[PDB]
Amino acid sequence: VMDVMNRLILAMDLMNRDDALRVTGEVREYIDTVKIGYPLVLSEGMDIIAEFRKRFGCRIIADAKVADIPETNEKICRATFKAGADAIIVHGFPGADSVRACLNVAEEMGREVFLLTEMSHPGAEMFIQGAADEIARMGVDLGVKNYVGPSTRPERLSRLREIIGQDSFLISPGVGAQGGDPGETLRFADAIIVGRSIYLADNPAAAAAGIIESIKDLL
Amino acid sequence: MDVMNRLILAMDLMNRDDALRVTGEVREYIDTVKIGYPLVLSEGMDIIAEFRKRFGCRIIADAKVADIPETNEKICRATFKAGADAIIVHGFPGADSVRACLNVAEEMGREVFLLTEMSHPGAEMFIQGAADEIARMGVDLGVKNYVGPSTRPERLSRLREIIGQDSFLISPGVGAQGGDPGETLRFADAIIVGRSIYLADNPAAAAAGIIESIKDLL
Ligand SMILES: O=c1cc(O)n([C@@H]2O[C@H](COP(=O)(O)O)[C@@H](O)[C@H]2O)c(=O)[nH]1
Ligand SMILES: O=c1cc(O)n([C@@H]2O[C@H](COP(=O)(O)O)[C@@H](O)[C@H]2O)c(=O)[nH]1
């Protein structure tokens, strides 16, 4: 599994190049793994992934939440990996063929899929939550090794960890701004995803350092 | 929304030259183009402005928006800034995520299309069982535009029943995936067509053929 520095992944959702690069540069001593999603990619182009690799030599997880038919999923993954992403995040709710399409591209291109099971926001309770255990089980059956689950629901995160096993890799967003606790989340997740509580801070480096200090005994 | 010939081109070619050429070849037949991530992630969001400059077509951005409310807001803002007239949003992630997109759309004078049931076989696993409720959710939220599957006309018909005849319904899965243009237009206002046109030996003849086959419905 990827070796995430300090068990902390930056969710870089700032939407202009200059700010995104500044903030990522400021926290680079603490974090070697950056999640780049559509807020930044749609604002600045897929070439932003190349710029981050060039400037920081950080791993990049492309947060695409791939959620299309298999044929379109294949195209999305191919374009994303071509750009230099180490891994891509894929929704499980559109079903097994859609996931398998992404896995097939990732295998061909020598990259990784992360399967998003249950989401962290309140709306996730309407439809996703009731499907999530089965989505995880589907991931296990398809041979998925990397997963995403919600910090905001420790009981659900615990269950997802059970389903996927200790050997699978699990990352968890919802820490900080959405109310999840770093240490508690790391009881089950290999790494925590943190966006706003770092990138909106007066001093992002201090904010990251503070989160790390708070989980020091878990590193 | 007034879609020419009830036909929306899904332009999923992944290089600028081919995408522009093929769209140009069928431009006389359409005034609405769906542009998605295969093209946008390969060529940049600036491609949307280029389509508007070249073709003066309506643009539906196929983002399958499926994030938390805060991120959904950002995705919609970026997408509408690029000149999209409308955006496709998943209903599965729940009401707050949809409302986030509705808020931005209202602010920028654009439209949200709510994707209810999808057209591929995998949709049967989780989406299909939620789809009626997702549609009702759309109605509750005041959503006027919907997307449902050409590949399952009985499910498409049910979706039409739920949203009413006043709502606008577009439908992919026509051609390559097995859906029939005419049958689909019994229930949808417009059909979405990608490969059957853009992979055809002659895209223009392909579009012309499709339109001929639904001539009585226009
Ligand atoms: O269930 C999920 C899955 C996500 O990818 N995310 C993503 O993780 C990040 C959370 O950022 P923040 O720490 O600012 O709440 C955002 O990029 C969001 O899109 C999430 O919040 N919940
Ligand atoms: O349920 C759905 C929803 C979609 O947006 N789509 C999209 O509609 C288009 C279908 O293209 P095609 O005619 O080549 O099958 C693709 O862009 C696909 O991503 C779909 O096929 N099924």
# chains A, B, ... in the order shown; residues from 1 in each chain; ligands from 1
>>> closest_atom_pairs(of="chain B", to="ligand 1", cutoff="8 Å", atoms="only C-alpha atoms and all ligand atoms", output="Markdown table")
| residue | atom | partner | partner_atom_place_in_ligand_line | distance |
| --- | --- | --- | --- | --- |
| B:67 | CA | ligand 1 | 19 (O) | 5.6 |
| B:68 | CA | ligand 1 | 19 (O) | 5.8 |
| B:70 | CA | ligand 1 | 19 (O) | 7.3 |
| B:71 | CA | ligand 1 | 19 (O) | 5.0 |
| B:72 | CA | ligand 1 | 19 (O) | 7.8 |
>>> write_last_selection(atoms="N, CA, C and O atoms", output="CSV table (one decimal), in the first residue's frame")
chain,number,residue,atom,x,y,z
B,67,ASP,N,-20.5,14.7,-5.4
B,67,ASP,CA,-19.7,15.0,-4.3
B,67,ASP,C,-20.5,15.5,-3.1
B,67,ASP,O,-21.7,15.5,-3.2
B,68,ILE,N,-19.8,15.9,-2.1
B,68,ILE,CA,-20.5,16.6,-0.9
B,68,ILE,C,-21.0,17.9,-1.4
B,68,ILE,O,-20.6,18.5,-2.4
B,70,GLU,N,-20.5,21.0,-0.4
B,70,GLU,CA,-19.5,22.1,-0.6
B,70,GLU,C,-18.7,21.9,-1.9
B,70,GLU,O,-18.4,22.9,-2.6
B,71,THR,N,-18.3,20.7,-2.2
B,71,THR,CA,-17.5,20.5,-3.4
B,71,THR,C,-18.4,20.6,-4.6
B,71,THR,O,-18.0,21.1,-5.7
B,72,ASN,N,-19.6,20.1,-4.5
B,72,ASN,CA,-20.6,20.2,-5.6
B,72,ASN,C,-20.7,21.7,-6.1
B,72,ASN,O,-20.7,22.0,-7.3
>>> residues_around(residues="segment 39-43 of chain B", least_positions_apart="5", cutoff="7 Å", atoms="only C-alpha atoms", output="number ranges by chain")
A: 46, 79; B: 12-16
>>> write_last_selection(atoms="N, CA and C atoms", output="PDB file, in the first residue's frame")
ATOM      1  N   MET A  46      -6.083  19.643 -16.373  1.00  0.00           N
ATOM      2  CA  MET A  46      -5.409  18.442 -15.893  1.00  0.00           C
ATOM      3  C   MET A  46      -3.907  18.628 -15.772  1.00  0.00           C
ATOM      4  N   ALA A  79      -7.633   9.308 -19.350  1.00  0.00           N
ATOM      5  CA  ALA A  79      -7.218  10.711 -19.417  1.00  0.00           C
ATOM      6  C   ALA A  79      -6.542  11.115 -18.106  1.00  0.00           C
TER       7      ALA A  79
ATOM      8  N   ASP B  12     -18.044  12.514 -27.045  1.00  0.00           N
ATOM      9  CA  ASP B  12     -17.064  11.868 -26.174  1.00  0.00           C
ATOM     10  C   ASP B  12     -15.761  11.482 -26.886  1.00  0.00           C
ATOM     11  N   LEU B  13     -15.536  12.055 -28.064  1.00  0.00           N
ATOM     12  CA  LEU B  13     -14.220  11.950 -28.694  1.00  0.00           C
ATOM     13  C   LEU B  13     -13.232  12.684 -27.798  1.00  0.00           C
ATOM     14  N   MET B  14     -11.986  12.224 -27.773  1.00  0.00           N
ATOM     15  CA  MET B  14     -11.027  12.745 -26.800  1.00  0.00           C
ATOM     16  C   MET B  14      -9.895  13.561 -27.384  1.00  0.00           C
ATOM     17  N   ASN B  15     -10.009  13.939 -28.642  1.00  0.00           N
ATOM     18  CA  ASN B  15      -9.092  14.951 -29.128  1.00  0.00           C
ATOM     19  C   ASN B  15      -9.833  16.055 -29.842  1.00  0.00           C
ATOM     20  N   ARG B  16      -9.306  17.257 -29.673  1.00  0.00           N
ATOM     21  CA  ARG B  16      -9.938  18.478 -30.128  1.00  0.00           C
ATOM     22  C   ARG B  16     -10.258  18.455 -31.617  1.00  0.00           C
TER      23      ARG B  16
END
>>> residues_around(residues="residue 191 of chain B", least_positions_apart="2", cutoff="8 Å", atoms="only C-alpha atoms", output="list in words")
residues 6, 7, 8, 170, 171, 172, 174, 181, 184, 185, 188, 189 and 193 of chain B
>>> write_last_selection(atoms="N, CA and C atoms", output="short mmCIF file (atom, residue, chain, number, x, y, z; two decimals), in the first residue's frame")
data_model
loop_
_atom_site.label_atom_id
_atom_site.label_comp_id
_atom_site.auth_asym_id
_atom_site.auth_seq_id
_atom_site.Cartn_x
_atom_site.Cartn_y
_atom_site.Cartn_z
N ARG B 6 -34.94 16.86 -31.54
CA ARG B 6 -35.01 16.02 -30.33
C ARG B 6 -33.76 15.17 -30.16
N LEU B 7 -32.63 15.66 -30.66
CA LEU B 7 -31.42 14.86 -30.72
C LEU B 7 -30.24 15.62 -30.11
N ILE B 8 -29.62 15.03 -29.09
CA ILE B 8 -28.48 15.63 -28.40
C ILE B 8 -27.23 14.80 -28.69
N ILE B 170 -34.39 13.84 -20.79
CA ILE B 170 -33.49 13.40 -21.86
C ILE B 170 -32.96 12.00 -21.55
N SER B 171 -32.61 11.24 -22.58
CA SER B 171 -32.36 9.82 -22.39
C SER B 171 -31.18 9.31 -23.23
N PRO B 172 -30.13 8.80 -22.56
CA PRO B 172 -28.99 8.15 -23.23
C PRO B 172 -29.17 6.62 -23.26
N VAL B 174 -29.11 5.11 -26.42
CA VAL B 174 -29.70 4.91 -27.75
C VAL B 174 -28.61 4.50 -28.73
N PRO B 181 -34.30 4.80 -30.89
CA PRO B 181 -34.64 6.23 -30.92
C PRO B 181 -36.14 6.51 -30.76
N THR B 184 -37.77 5.45 -27.42
CA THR B 184 -37.30 6.29 -26.34
C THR B 184 -38.06 7.62 -26.31
N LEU B 185 -38.36 8.16 -27.49
CA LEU B 185 -39.06 9.43 -27.61
C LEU B 185 -40.57 9.33 -27.34
N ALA B 188 -39.20 10.26 -23.48
CA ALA B 188 -38.23 11.34 -23.31
C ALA B 188 -38.52 12.46 -24.30
N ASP B 189 -38.17 13.69 -23.94
CA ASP B 189 -38.26 14.82 -24.85
C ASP B 189 -37.16 14.78 -25.91
N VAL B 193 -27.28 10.72 -28.10
CA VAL B 193 -26.63 9.73 -28.95
C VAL B 193 -25.15 10.05 -29.10
#
>>> closest_atom_pairs(of="chain A", to="chain B", cutoff="7 Å", atoms="only C-alpha atoms", output="CSV")
residue,atom,partner,partner_atom,distance
A:38,CA,B:75,CA,6.2
A:39,CA,B:75,CA,5.3
A:42,CA,B:78,CA,6.1
A:43,CA,B:78,CA,5.9
A:45,CA,B:44,CA,5.5
A:46,CA,B:41,CA,6.3
A:65,CA,B:66,CA,6.8
A:67,CA,B:64,CA,6.5
A:69,CA,B:120,CA,5.8
A:72,CA,B:38,CA,7.0
A:75,CA,B:38,CA,5.5
A:76,CA,B:38,CA,5.4
A:79,CA,B:42,CA,5.8
A:93,CA,B:126,CA,6.0
A:94,CA,B:123,CA,5.4
A:95,CA,B:122,CA,4.3
A:96,CA,B:122,CA,5.8
A:97,CA,B:122,CA,5.5
A:98,CA,B:122,CA,6.6
A:121,CA,B:68,CA,5.9
A:123,CA,B:94,CA,4.3
A:124,CA,B:93,CA,5.4
A:126,CA,B:94,CA,5.7
A:127,CA,B:92,CA,6.0
A:128,CA,B:93,CA,6.3
A:131,CA,B:126,CA,6.7
>>> write_last_selection(atoms="N, CA, C and O atoms", output="compact mmCIF listing (two decimals), in the first residue's frame")
# COMPACT_ATOMS: atom_id res chain seq x y z
N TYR A 38 -12.01 17.91 -8.78
CA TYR A 38 -12.53 18.73 -9.86
C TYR A 38 -12.55 20.24 -9.58
O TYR A 38 -12.40 21.03 -10.51
N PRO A 39 -12.72 20.66 -8.31
CA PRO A 39 -12.64 22.12 -8.12
C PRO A 39 -11.36 22.71 -8.72
O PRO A 39 -11.40 23.75 -9.40
N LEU A 42 -10.96 21.46 -12.88
CA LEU A 42 -11.84 22.14 -13.82
C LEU A 42 -11.49 23.63 -13.95
O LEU A 42 -11.82 24.27 -14.95
N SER A 43 -10.80 24.18 -12.95
CA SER A 43 -10.44 25.58 -12.93
C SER A 43 -9.11 25.82 -13.65
O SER A 43 -8.90 26.87 -14.25
N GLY A 45 -7.09 22.99 -15.37
CA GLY A 45 -6.71 21.98 -16.34
C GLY A 45 -6.03 20.78 -15.69
O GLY A 45 -5.46 20.90 -14.61
N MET A 46 -6.08 19.64 -16.37
CA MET A 46 -5.41 18.44 -15.89
C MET A 46 -3.91 18.63 -15.77
O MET A 46 -3.25 17.87 -15.06
N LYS A 65 -14.34 10.89 -8.46
CA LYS A 65 -15.58 10.19 -8.12
C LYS A 65 -16.27 9.61 -9.35
O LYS A 65 -17.45 9.86 -9.61
N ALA A 67 -18.28 8.00 -11.97
CA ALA A 67 -19.65 7.55 -11.73
C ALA A 67 -20.45 7.47 -13.04
O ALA A 67 -21.62 7.87 -13.09
N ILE A 69 -21.11 5.19 -17.02
CA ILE A 69 -21.14 3.84 -17.61
C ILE A 69 -19.72 3.32 -17.84
O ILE A 69 -18.77 4.09 -17.89
N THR A 72 -17.52 5.09 -20.62
CA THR A 72 -17.09 6.44 -20.31
C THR A 72 -16.10 6.42 -19.15
O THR A 72 -15.12 7.17 -19.17
N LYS A 75 -12.60 5.91 -20.40
CA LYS A 75 -12.04 7.14 -20.96
C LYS A 75 -11.57 8.10 -19.87
O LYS A 75 -10.49 8.67 -19.97
N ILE A 76 -12.40 8.28 -18.85
CA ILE A 76 -12.04 9.16 -17.73
C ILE A 76 -10.75 8.71 -17.06
O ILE A 76 -9.83 9.52 -16.84
N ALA A 79 -7.63 9.31 -19.35
CA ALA A 79 -7.22 10.71 -19.42
C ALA A 79 -6.54 11.12 -18.11
O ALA A 79 -5.58 11.87 -18.09
N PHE A 93 -21.41 3.04 -6.26
CA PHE A 93 -22.87 2.91 -6.39
C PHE A 93 -23.39 2.62 -7.81
O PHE A 93 -24.45 2.03 -7.96
N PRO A 94 -22.66 3.05 -8.86
CA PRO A 94 -23.12 2.65 -10.20
C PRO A 94 -22.89 1.17 -10.56
O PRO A 94 -23.26 0.76 -11.65
N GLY A 95 -22.30 0.40 -9.67
CA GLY A 95 -22.31 -1.05 -9.85
C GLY A 95 -21.01 -1.64 -10.34
O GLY A 95 -20.06 -0.92 -10.67
N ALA A 96 -20.97 -2.97 -10.41
CA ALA A 96 -19.72 -3.69 -10.61
C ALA A 96 -19.06 -3.48 -11.97
O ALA A 96 -17.83 -3.38 -12.03
N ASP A 97 -19.83 -3.45 -13.06
CA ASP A 97 -19.23 -3.22 -14.38
C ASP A 97 -18.52 -1.86 -14.46
O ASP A 97 -17.44 -1.74 -15.02
N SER A 98 -19.14 -0.83 -13.88
CA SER A 98 -18.51 0.49 -13.87
C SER A 98 -17.21 0.49 -13.09
O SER A 98 -16.22 1.10 -13.52
N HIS A 121 -21.18 13.17 4.06
CA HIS A 121 -22.13 14.27 4.22
C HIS A 121 -23.51 13.74 4.57
O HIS A 121 -23.81 12.57 4.33
N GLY A 123 -26.49 13.94 3.35
CA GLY A 123 -27.20 13.34 2.24
C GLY A 123 -26.85 11.89 1.96
O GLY A 123 -27.66 11.15 1.40
N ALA A 124 -25.64 11.48 2.34
CA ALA A 124 -25.25 10.08 2.17
C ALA A 124 -26.20 9.08 2.84
O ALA A 124 -26.26 7.91 2.44
N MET A 126 -29.44 9.01 2.76
CA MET A 126 -30.65 8.75 1.99
C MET A 126 -30.56 7.46 1.18
O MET A 126 -31.46 6.61 1.26
N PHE A 127 -29.48 7.29 0.43
CA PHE A 127 -29.35 6.16 -0.49
C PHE A 127 -28.03 5.41 -0.37
O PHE A 127 -28.00 4.18 -0.45
N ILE A 128 -26.93 6.14 -0.20
CA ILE A 128 -25.61 5.51 -0.23
C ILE A 128 -25.40 4.59 0.97
O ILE A 128 -24.94 3.46 0.84
N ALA A 131 -26.57 1.07 0.86
CA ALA A 131 -25.86 0.25 -0.13
C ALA A 131 -24.40 0.00 0.22
O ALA A 131 -23.77 -0.85 -0.39
>>> select_by_dssp(residues="segment 67-148 of chain B", states="helix (DSSP H, G or I)", output="ChimeraX atom specification")
/B:69-81,95-108,121-124,127-141
>>> write_last_selection(atoms="N, CA and C atoms", output="short mmCIF file (atom, residue, chain, number, x, y, z; two decimals), in the first residue's frame")
data_model
loop_
_atom_site.label_atom_id
_atom_site.label_comp_id
_atom_site.auth_asym_id
_atom_site.auth_seq_id
_atom_site.Cartn_x
_atom_site.Cartn_y
_atom_site.Cartn_z
N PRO B 69 -21.98 18.52 -0.65
CA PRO B 69 -22.52 19.82 -1.08
C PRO B 69 -21.45 20.90 -1.34
N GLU B 70 -20.48 21.03 -0.44
CA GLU B 70 -19.47 22.07 -0.57
C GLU B 70 -18.67 21.92 -1.87
N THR B 71 -18.30 20.69 -2.20
CA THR B 71 -17.51 20.46 -3.40
C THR B 71 -18.39 20.56 -4.65
N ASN B 72 -19.64 20.12 -4.53
CA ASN B 72 -20.58 20.23 -5.64
C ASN B 72 -20.74 21.67 -6.07
N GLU B 73 -20.86 22.56 -5.09
CA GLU B 73 -20.96 23.99 -5.39
C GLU B 73 -19.78 24.46 -6.25
N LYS B 74 -18.57 24.06 -5.87
CA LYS B 74 -17.35 24.44 -6.58
C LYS B 74 -17.33 23.89 -8.01
N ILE B 75 -17.69 22.61 -8.15
CA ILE B 75 -17.74 21.97 -9.45
C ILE B 75 -18.73 22.69 -10.37
N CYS B 76 -19.92 23.00 -9.85
CA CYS B 76 -20.91 23.71 -10.67
C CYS B 76 -20.43 25.09 -11.07
N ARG B 77 -19.85 25.83 -10.13
CA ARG B 77 -19.35 27.17 -10.42
C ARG B 77 -18.28 27.13 -11.51
N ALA B 78 -17.32 26.21 -11.39
CA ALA B 78 -16.27 26.07 -12.39
C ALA B 78 -16.84 25.72 -13.76
N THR B 79 -17.84 24.85 -13.76
CA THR B 79 -18.45 24.35 -14.98
C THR B 79 -19.26 25.44 -15.70
N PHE B 80 -20.06 26.18 -14.94
CA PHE B 80 -20.82 27.28 -15.52
C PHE B 80 -19.92 28.44 -15.94
N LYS B 81 -18.82 28.65 -15.21
CA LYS B 81 -17.87 29.67 -15.61
C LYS B 81 -17.32 29.35 -16.99
N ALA B 95 -30.19 14.69 -1.16
CA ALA B 95 -30.85 15.96 -1.43
C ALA B 95 -29.96 17.17 -1.24
N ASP B 96 -29.15 17.17 -0.19
CA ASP B 96 -28.27 18.30 0.06
C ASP B 96 -27.28 18.51 -1.09
N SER B 97 -26.76 17.41 -1.62
CA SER B 97 -25.83 17.49 -2.74
C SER B 97 -26.49 18.05 -4.00
N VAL B 98 -27.75 17.67 -4.23
CA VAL B 98 -28.50 18.20 -5.36
C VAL B 98 -28.81 19.68 -5.15
N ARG B 99 -29.28 20.04 -3.96
CA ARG B 99 -29.62 21.42 -3.66
C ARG B 99 -28.43 22.36 -3.87
N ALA B 100 -27.24 21.90 -3.50
CA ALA B 100 -26.01 22.68 -3.72
C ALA B 100 -25.87 23.07 -5.19
N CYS B 101 -26.13 22.12 -6.08
CA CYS B 101 -26.05 22.40 -7.51
C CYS B 101 -27.18 23.32 -7.96
N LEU B 102 -28.38 23.11 -7.43
CA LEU B 102 -29.52 23.97 -7.76
C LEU B 102 -29.22 25.41 -7.37
N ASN B 103 -28.62 25.61 -6.20
CA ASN B 103 -28.29 26.97 -5.75
C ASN B 103 -27.37 27.72 -6.73
N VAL B 104 -26.29 27.07 -7.16
CA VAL B 104 -25.37 27.68 -8.09
C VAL B 104 -26.02 27.94 -9.45
N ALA B 105 -26.79 26.97 -9.93
CA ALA B 105 -27.50 27.12 -11.19
C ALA B 105 -28.41 28.34 -11.18
N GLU B 106 -29.19 28.48 -10.11
CA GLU B 106 -30.08 29.63 -9.97
C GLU B 106 -29.29 30.94 -10.01
N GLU B 107 -28.14 30.95 -9.35
CA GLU B 107 -27.31 32.15 -9.26
C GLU B 107 -26.73 32.59 -10.61
N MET B 108 -26.49 31.62 -11.50
CA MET B 108 -25.80 31.90 -12.75
C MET B 108 -26.70 31.73 -13.95
N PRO B 121 -25.83 -1.99 -17.47
CA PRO B 121 -26.28 -3.12 -16.64
C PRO B 121 -26.02 -2.94 -15.14
N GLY B 122 -24.88 -2.37 -14.78
CA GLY B 122 -24.54 -2.12 -13.39
C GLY B 122 -25.55 -1.27 -12.63
N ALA B 123 -26.32 -0.46 -13.35
CA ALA B 123 -27.36 0.36 -12.73
C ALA B 123 -28.37 -0.47 -11.97
N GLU B 124 -28.49 -1.75 -12.32
CA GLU B 124 -29.47 -2.60 -11.66
C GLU B 124 -29.08 -2.95 -10.23
N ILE B 127 -28.58 1.56 -8.15
CA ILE B 127 -29.29 2.75 -8.61
C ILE B 127 -30.78 2.49 -8.89
N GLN B 128 -31.07 1.38 -9.56
CA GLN B 128 -32.42 1.15 -10.02
C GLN B 128 -33.40 1.11 -8.85
N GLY B 129 -33.00 0.47 -7.76
CA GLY B 129 -33.89 0.37 -6.61
C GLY B 129 -34.12 1.67 -5.89
N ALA B 130 -33.25 2.66 -6.13
CA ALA B 130 -33.38 3.98 -5.53
C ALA B 130 -34.02 4.99 -6.48
N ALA B 131 -34.17 4.61 -7.75
CA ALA B 131 -34.42 5.59 -8.80
C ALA B 131 -35.77 6.29 -8.70
N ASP B 132 -36.81 5.54 -8.37
CA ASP B 132 -38.12 6.19 -8.22
C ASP B 132 -38.07 7.23 -7.11
N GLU B 133 -37.44 6.87 -6.00
CA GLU B 133 -37.32 7.81 -4.88
C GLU B 133 -36.44 9.02 -5.21
N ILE B 134 -35.38 8.80 -5.99
CA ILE B 134 -34.57 9.92 -6.47
C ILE B 134 -35.39 10.88 -7.32
N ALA B 135 -36.24 10.34 -8.19
CA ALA B 135 -37.12 11.16 -9.00
C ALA B 135 -38.09 11.96 -8.13
N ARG B 136 -38.71 11.31 -7.14
CA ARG B 136 -39.61 12.01 -6.23
C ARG B 136 -38.88 13.11 -5.50
N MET B 137 -37.64 12.82 -5.09
CA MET B 137 -36.78 13.81 -4.46
C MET B 137 -36.59 15.01 -5.39
N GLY B 138 -36.34 14.74 -6.67
CA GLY B 138 -36.24 15.81 -7.64
C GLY B 138 -37.49 16.66 -7.64
N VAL B 139 -38.65 16.01 -7.63
CA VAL B 139 -39.91 16.75 -7.64
C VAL B 139 -40.04 17.64 -6.40
N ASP B 140 -39.75 17.06 -5.24
CA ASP B 140 -39.74 17.80 -3.99
C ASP B 140 -38.81 19.00 -4.04
N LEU B 141 -37.65 18.85 -4.68
CA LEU B 141 -36.67 19.94 -4.73
C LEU B 141 -36.99 20.97 -5.80
#
>>> closest_residue(among="A:18, A:213, A:71, A:47", to="ligand 2", atoms="only C-alpha atoms and all ligand atoms")
A:71
>>> closest_residue(among="A:41, A:125, A:61, A:70", to="ligand 2", atoms="only C-alpha atoms and all ligand atoms")
A:70
>>> closest_residue(among="B:195, B:160, B:54, B:186", to="residue 145 of chain B", atoms="only C-alpha atoms")
B:160
>>> residues_around(residues="residue 9 of chain B", least_positions_apart="6", cutoff="10 Å", atoms="only C-alpha atoms", output="list in words")
residues 23, 26, 27, 29, 30, 31, 32, 33, 34, 35, 59, 60, 172, 191, 192, 193, 194, 195, 196, 197, 198 and 207 of chain B
>>> write_last_selection(atoms="N, CA and C atoms", output="JSON list (two decimals), in the first residue's frame")
[["chain", "number", "residue", "atom", "x", "y", "z"],
["B", 23, "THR", "N", -18.36, 17.20, -34.87],
["B", 23, "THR", "CA", -19.46, 18.09, -34.49],
["B", 23, "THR", "C", -19.83, 19.01, -35.66],
["B", 26, "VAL", "N", -22.09, 17.32, -38.29],
["B", 26, "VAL", "CA", -23.49, 17.05, -37.97],
["B", 26, "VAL", "C", -24.23, 18.29, -37.48],
["B", 27, "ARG", "N", -23.56, 19.43, -37.54],
["B", 27, "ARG", "CA", -24.10, 20.66, -36.96],
["B", 27, "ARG", "C", -25.45, 21.07, -37.53],
["B", 29, "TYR", "N", -27.84, 19.28, -38.06],
["B", 29, "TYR", "CA", -28.88, 18.41, -37.51],
["B", 29, "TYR", "C", -29.17, 18.66, -36.03],
["B", 30, "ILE", "N", -28.26, 19.35, -35.35],
["B", 30, "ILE", "CA", -28.39, 19.54, -33.91],
["B", 30, "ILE", "C", -28.14, 20.98, -33.48],
["B", 31, "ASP", "N", -28.63, 21.33, -32.30],
["B", 31, "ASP", "CA", -28.28, 22.62, -31.70],
["B", 31, "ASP", "C", -27.90, 22.45, -30.24],
["B", 32, "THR", "N", -27.71, 21.19, -29.84],
["B", 32, "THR", "CA", -27.42, 20.85, -28.45],
["B", 32, "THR", "C", -26.37, 19.76, -28.40],
["B", 33, "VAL", "N", -25.29, 20.02, -27.67],
["B", 33, "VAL", "CA", -24.19, 19.07, -27.54],
["B", 33, "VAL", "C", -23.94, 18.77, -26.07],
["B", 34, "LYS", "N", -23.83, 17.49, -25.73],
["B", 34, "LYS", "CA", -23.43, 17.10, -24.39],
["B", 34, "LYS", "C", -21.92, 16.90, -24.41],
["B", 35, "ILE", "N", -21.23, 17.64, -23.56],
["B", 35, "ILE", "CA", -19.79, 17.51, -23.46],
["B", 35, "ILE", "C", -19.47, 16.98, -22.07],
["B", 59, "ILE", "N", -24.90, 23.95, -24.66],
["B", 59, "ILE", "CA", -23.96, 22.98, -24.09],
["B", 59, "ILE", "C", -24.45, 22.42, -22.76],
["B", 60, "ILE", "N", -24.61, 21.10, -22.70],
["B", 60, "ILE", "CA", -24.90, 20.41, -21.45],
["B", 60, "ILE", "C", -23.62, 19.76, -20.96],
["B", 172, "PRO", "N", -30.13, 8.80, -22.56],
["B", 172, "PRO", "CA", -28.99, 8.15, -23.23],
["B", 172, "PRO", "C", -29.17, 6.62, -23.26],
["B", 191, "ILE", "N", -33.40, 12.48, -27.20],
["B", 191, "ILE", "CA", -32.48, 11.36, -27.05],
["B", 191, "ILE", "C", -31.06, 11.87, -27.09],
["B", 192, "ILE", "N", -30.22, 11.22, -26.30],
["B", 192, "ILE", "CA", -28.79, 11.45, -26.31],
["B", 192, "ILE", "C", -28.12, 10.34, -27.13],
["B", 193, "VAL", "N", -27.28, 10.72, -28.10],
["B", 193, "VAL", "CA", -26.63, 9.73, -28.95],
["B", 193, "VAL", "C", -25.15, 10.05, -29.10],
["B", 194, "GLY", "N", -24.29, 9.10, -28.74],
["B", 194, "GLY", "CA", -22.85, 9.28, -28.89],
["B", 194, "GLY", "C", -22.27, 8.45, -30.02],
["B", 195, "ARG", "N", -21.84, 7.24, -29.69],
["B", 195, "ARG", "CA", -21.09, 6.39, -30.62],
["B", 195, "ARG", "C", -21.77, 6.11, -31.96],
["B", 196, "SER", "N", -23.07, 5.84, -31.95],
["B", 196, "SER", "CA", -23.82, 5.60, -33.18],
["B", 196, "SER", "C", -23.61, 6.72, -34.20],
["B", 197, "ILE", "N", -23.32, 7.92, -33.71],
["B", 197, "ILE", "CA", -22.97, 9.04, -34.59],
["B", 197, "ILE", "C", -21.46, 9.25, -34.71],
["B", 198, "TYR", "N", -20.77, 9.48, -33.60],
["B", 198, "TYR", "CA", -19.37, 9.90, -33.71],
["B", 198, "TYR", "C", -18.38, 8.80, -34.11],
["B", 207, "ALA", "N", -26.49, 10.67, -38.32],
["B", 207, "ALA", "CA", -27.45, 11.57, -37.69],
["B", 207, "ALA", "C", -28.70, 11.72, -38.55]]
>>> atom_distance(atom1="atom CA of residue 152 of chain A", atom2="atom CA of residue 194 of chain A")
12.5 Å
>>> closest_residue(among="A:156, A:200, A:117, A:68", to="ligand 2", atoms="only C-alpha atoms and all ligand atoms")
A:68
>>> select_by_dssp(residues="chain B", states="strand (DSSP E)", output="MDAnalysis selection string")
chainID B and resid 7:11 32:36 58:65 86:90 111:115 145:147 168:171 190:193
>>> residues_around(residues="residue 107 of chain A", least_positions_apart="6", cutoff="12 Å", atoms="only C-alpha atoms", output="NGL selection string")
:A and (74 or 77-78 or 81 or 86-87 or 100-101 or 113 or 143-144)
>>> closest_residue(among="B:151, B:5, B:177, B:165", to="ligand 2", atoms="only C-alpha atoms and all ligand atoms")
B:177
>>> atom_distance(atom1="atom CA of residue 210 of chain B", atom2="atom CA of residue 182 of chain B")
9.0 Å
>>> decode(residues="segment 152-156 of chain A", atoms="N, CA and C atoms", output="mmCIF file, in the first residue's frame")
data_model
loop_
_atom_site.group_PDB
_atom_site.id
_atom_site.type_symbol
_atom_site.label_atom_id
_atom_site.label_comp_id
_atom_site.auth_asym_id
_atom_site.auth_seq_id
_atom_site.Cartn_x
_atom_site.Cartn_y
_atom_site.Cartn_z
ATOM 1 N N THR A 152 -17.103 11.004 9.517
ATOM 2 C CA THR A 152 -18.244 11.549 10.241
ATOM 3 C C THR A 152 -19.126 10.484 10.898
ATOM 4 N N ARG A 153 -18.943 9.218 10.522
ATOM 5 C CA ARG A 153 -19.707 8.111 11.089
ATOM 6 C C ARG A 153 -18.772 6.981 11.511
ATOM 7 N N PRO A 154 -18.180 7.105 12.703
ATOM 8 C CA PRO A 154 -17.187 6.130 13.160
ATOM 9 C C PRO A 154 -17.711 4.699 13.124
ATOM 10 N N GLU A 155 -18.985 4.499 13.438
ATOM 11 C CA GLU A 155 -19.565 3.160 13.435
ATOM 12 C C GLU A 155 -19.576 2.565 12.022
ATOM 13 N N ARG A 156 -19.852 3.412 11.040
ATOM 14 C CA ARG A 156 -19.853 2.979 9.655
ATOM 15 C C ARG A 156 -18.430 2.752 9.141
#
